[PDB]
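Take a look at the structure below.
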Amino acid sequence: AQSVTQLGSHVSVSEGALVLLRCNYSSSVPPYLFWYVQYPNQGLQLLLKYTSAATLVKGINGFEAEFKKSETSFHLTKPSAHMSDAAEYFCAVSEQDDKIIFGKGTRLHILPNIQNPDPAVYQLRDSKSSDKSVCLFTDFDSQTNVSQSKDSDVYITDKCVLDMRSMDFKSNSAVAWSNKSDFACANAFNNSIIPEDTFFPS
Amino acid sequence: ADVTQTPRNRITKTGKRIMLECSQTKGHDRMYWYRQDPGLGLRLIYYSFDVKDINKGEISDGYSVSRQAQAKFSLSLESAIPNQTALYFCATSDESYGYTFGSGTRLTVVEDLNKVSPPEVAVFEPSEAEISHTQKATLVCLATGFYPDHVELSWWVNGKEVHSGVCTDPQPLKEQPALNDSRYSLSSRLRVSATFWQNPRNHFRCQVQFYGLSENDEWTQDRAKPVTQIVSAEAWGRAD
């Protein structure tokens with residue numbers, strides 16, 4: 001039962017919105033189908049599987065998938081995206097009566113609902129010497145994305161979402177740094193489209 | 001079974017013969033070796049239905065296997081090359097696709113062990129302007145100058161490992177992207193209330209577990225031998 005296709009290596013969903021991760025298969029005879037999840041740093045965990053019993057299969061945590069042979073699909077859904085759903089998901093199929101073959105995987109990114117954005121660029125100092133520092137772009141919403149650096153002596157990370165449980169509060173950030181004496185936090189993110197109201201403390 | 005794999009982490013030079021081992025306790029006829037690479041999923045290398053049976057999967061070139069017992073299925077890299085750097089997963093199946101995976105072997109193949117290097121780690125303390133504007137405080141950890149890209153970063157507050165308020169980059173960046181053997185760097189943030197940062201009793205540590213050379217490996221340089229090790233950096237809260 002030859003292939004299984006997942007569409008998009010990286011996909012986004014709004015926090016609180018319907019999760020939907022697509023999988024299709026090619027196999028004339030209906031195959032068994034599997035959805036695995038892999039949280040970072042970890043192994044694979046089976047969420048649910050279609051084994052020719054219920055076509056609507058329920059799994060742990062509100063995950064479900066419907067097998068639909070008429071459009072050779074087995075799309076995974078969950079009714080509401082939580083930050084803890086950030087992971088890579090793999091659809092898989094039985095093949096040649098002897099093995100499971102894996103789709104390429106899709107990573108789910110959950111965009112936090114940021115009701116009061118407070119974009120800002122801050123400067124942080126090494127705890128052991130005033131002279132080394134980094135720049136932190138933080139507290140922008142989902143409409144901002146950070147661009148890779150212009151200049152090969154300036155390093156800029158991808159945006160990252162942290163979830164402070166103590167305050168039920170999530171925020172985006174990216175980090176930039178350079179060893180050049182030319183380097184200023186005011187200019188660090190000049191290759192990014194930032195909010196017009198980004199705070200730049202003196 | 002309890003499916004168990006060894007080793008859990010390994011770094012090797014190119015051109016060496018390397019052995020991975022899977023053992024199970026349930027005695028399932030079917031065992032499998034896969035590798036996992038970003039964007040490619042899990043690809044089958046070889047599998048076996050009994051001691052007398054070996055079948056190729058999609059990427060069997062460069063590898064061999066032996067099914068020495070009902071319980072054991074060995075994978076070999078015959079002569080390791082860098083593109084065999086990957087996460088490797090053993091699995092067993094019952095007769096109804098009930099798979100059990102082992103927890104993984106992270107393997108890195110490097111051309112030249114002379115280029116191995118542990119990270120330098122620094123913690124950057126929260127901005128006062130952040131503290132004033134938001135009443136929150138974001139620490140930033142930076143690990144730089146390490147090779148290969150085979151580390152684990154964690155945060156420790158008053159001696160315990162914390163997960164809340166942490167975001168670590170998923171992938172390190174290349175310090176010299178033009179070079180095949182560029183050193184790497186990685187960043188992480190830990191955000192706390194200003195209140196908690198402001199207390200001089202609280203201690204914050206960024207810990208990086210680095211995987212490199214073992215006690216066995218030859219080392220000819222004057223600089224420190226770059227053995228598997230932990231490198232931390234730290235900061236204490238402060239009122240001002």
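Atoms considered below: every heavy atom in the structure, side chains included; atoms not considered: hydrogens, waters and symmetry mates. Residue numbers begin at 1 in each chain, while the letters A, B, ... track the order of the sequences.
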**Report entry** Working for side chain to side chain contact (heavy atoms under 4.5 Å, CB included), residues A:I194 and A:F140
**Finding:** CA-CA 8 Å; A:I194 72 182; A:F140 48 90; over 6 Å; no
Euclidean distance, [Y] [atom2] relative to [X] [atom1], rounded to 0.5 Å:
| X | Y | atom1 | atom2 | answer |
| --- | --- | --- | --- | --- |
| A:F63 | A:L21 | CZ | CG | 7.0 Å |
| B:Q36 | B:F89 | CD | CZ | 5.0 Å |
| A:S127 | A:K132 | OG | NZ | 9.5 Å |
| B:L179 | B:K115 | CG | NZ | 10.0 Å |
| B:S60 | B:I45 | OG | CD1 | 9.0 Å |
| B:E234 | B:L139 | CD | CG | 12.0 Å |

Requested in this report: Evaluate the side chain to side chain contact (heavy atoms under 4.5 Å, CB included) criterion for residues B:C141 and B:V121: first the C-alpha distance (whole Å), next the side-chain angles of each, then the deciding distance (0.1 Å), finally the verdict.
Outcome: CA-CA 7 Å; B:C141 181; B:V121 185; 3.6 Å; yes
Requested in this report: Output, in order, the C-alpha distance, side-chain angles, deciding distance and verdict of salt bridge (charged side-chain N to carboxylate O under 4.0 Å, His left out) for B:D37 and A:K104.
Outcome: CA-CA 9 Å; B:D37 300 277; A:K104 293 173 141 56; over 6 Å; no
Report summary line: By side chain to side chain contact (heavy atoms under 4.5 Å, CB included), A:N116 pairs with (sequence neighbours left out) none
Query raised in the report: Taking only residues two or more places apart in sequence or in another chain, which ones pass side chain to side chain contact (heavy atoms under 4.5 Å, CB included) with B:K160?
Result: none
Nearest atoms (heavy-atom pairs only) where [X] meets [Y]:
| X | Y | value |
| --- | --- | --- |
| B:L190 | B:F204 | CD2-CD2, 4.1 Å |
| A:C135 | A:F183 | SG-CE2, 3.6 Å |
| B:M19 | B:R10 | N-NH1, 4.3 Å |
| A:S26 | A:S3 | OG-OG, 2.7 Å |
| A:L18 | A:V13 | O-CG2, 3.5 Å |
| B:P177 | B:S182 | N-OG, 4.2 Å |

Validation row: [X], [Y] side chains within 4.5 angstrom (heavy atoms):
| X | Y | result |
| --- | --- | --- |
| A:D85 | A:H82 | yes |
| A:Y39 | A:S84 | no |
| A:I156 | A:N191 | no |
| A:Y32 | A:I100 | no |
| B:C206 | B:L153 | yes |
| B:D181 | B:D112 | no |
| A:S171 | B:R191 | yes |
| A:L20 | A:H75 | yes |

Has the side chain of [X] got a donor or acceptor atom that lies under 3.5 Å from a matching backbone atom of [Y]?
| X | Y | result |
| --- | --- | --- |
| B:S127 | B:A129 | yes |
| A:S129 | A:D131 | no |
| B:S132 | B:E128 | no |
| B:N158 | B:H203 | yes |
| B:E130 | B:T138 | yes |
| B:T100 | B:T92 | no |
| B:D217 | B:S214 | yes |
| B:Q229 | B:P118 | no |
| B:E120 | B:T144 | no |
| A:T72 | A:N24 | no |

Requested in this report: Please determine if A:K49 forms a cation-pi arrangement with B:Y97, meaning its NZ or CZ atom is less than 6.0 Å from the six-membered ring centre and no more than 45° off the ring axis.
Outcome: no
[X] and [Y]: side-chain donor and acceptor closer than 3.5 Å?
| X | Y | result |
| --- | --- | --- |
| A:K99 | B:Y32 | no |
| B:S188 | B:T168 | yes |
| B:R189 | A:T157 | yes |
| B:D169 | B:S187 | yes |
| B:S74 | B:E21 | yes |
| B:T4 | B:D2 | no |

N-O pairing of [X] and [Y] below 4.0 Å:
| X | Y | result |
| --- | --- | --- |
| A:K180 | A:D151 | yes |
| B:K13 | B:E218 | no |
| B:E125 | A:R125 | no |

Query - Step-by-step side chain to side chain contact (heavy atoms under 4.5 Å, CB included) determination, B:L107 to B:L77 - result: CA-CA 11 Å; B:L107 174 67; B:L77 283 71; 3.7 Å; yes
Query raised in the report: Are A:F102 and B:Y34 close enough that their ring centers fall under 6.0 Å?
Result: yes
Requested in this report: Would you please indicate if the ring centroids of A:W177 and A:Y155 are separated by under 6.0 Å?
Outcome: yes
Query raised in the report: Would the number of heavy atoms belonging to other residues, nucleotides or ligands and lying under 6.0 Å from CG of B:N114 be above 12?
Result: yes
Query raised in the report: Given A:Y36 and B:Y99, is the ring pair (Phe, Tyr, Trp, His ring centres under 6.0 Å) satisfied, shown in steps?
Result: CA-CA 11 Å; A:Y36 282 88; B:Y99 261 49; 7.5 Å; no
Requested in this report: Fit a plane to each ring of B:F146 and B:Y184, take the angle between them on a 0 to 90° scale, and name the class: parallel (under 30°), tilted (30 to 60°) or perpendicular (over 60°).
Outcome: tilted
Query raised in the report: Hey, what's the ring geometry for A:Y25 with A:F67, parallel, tilted or perpendicular (30° and 60° as the breaks)?
Result: parallel
Report task. Could you go through the side chain to side chain donor-acceptor pair (under 3.5 Å) check for B:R106 and B:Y211 one step at a time? Result -> CA-CA 10 Å; B:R106 192 166 180 205; B:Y211 293 87; over 6 Å; no
Query raised in the report: Should B:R35 and B:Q84 be marked as a side chain to side chain contact (heavy atoms under 4.5 Å, CB included) after you check the CA-CA gap, both sets of side-chain angles, and the distance that decides it?
Result: CA-CA 9 Å; B:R35 59 176 286 181; B:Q84 294 171 318; 4.3 Å; yes
Query - side chain to side chain donor-acceptor pair (under 3.5 Å) between B:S76 and B:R17, intermediate numbers included - result: CA-CA 7 Å; B:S76 285; B:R17 187 169 164 76; 3.1 Å; yes
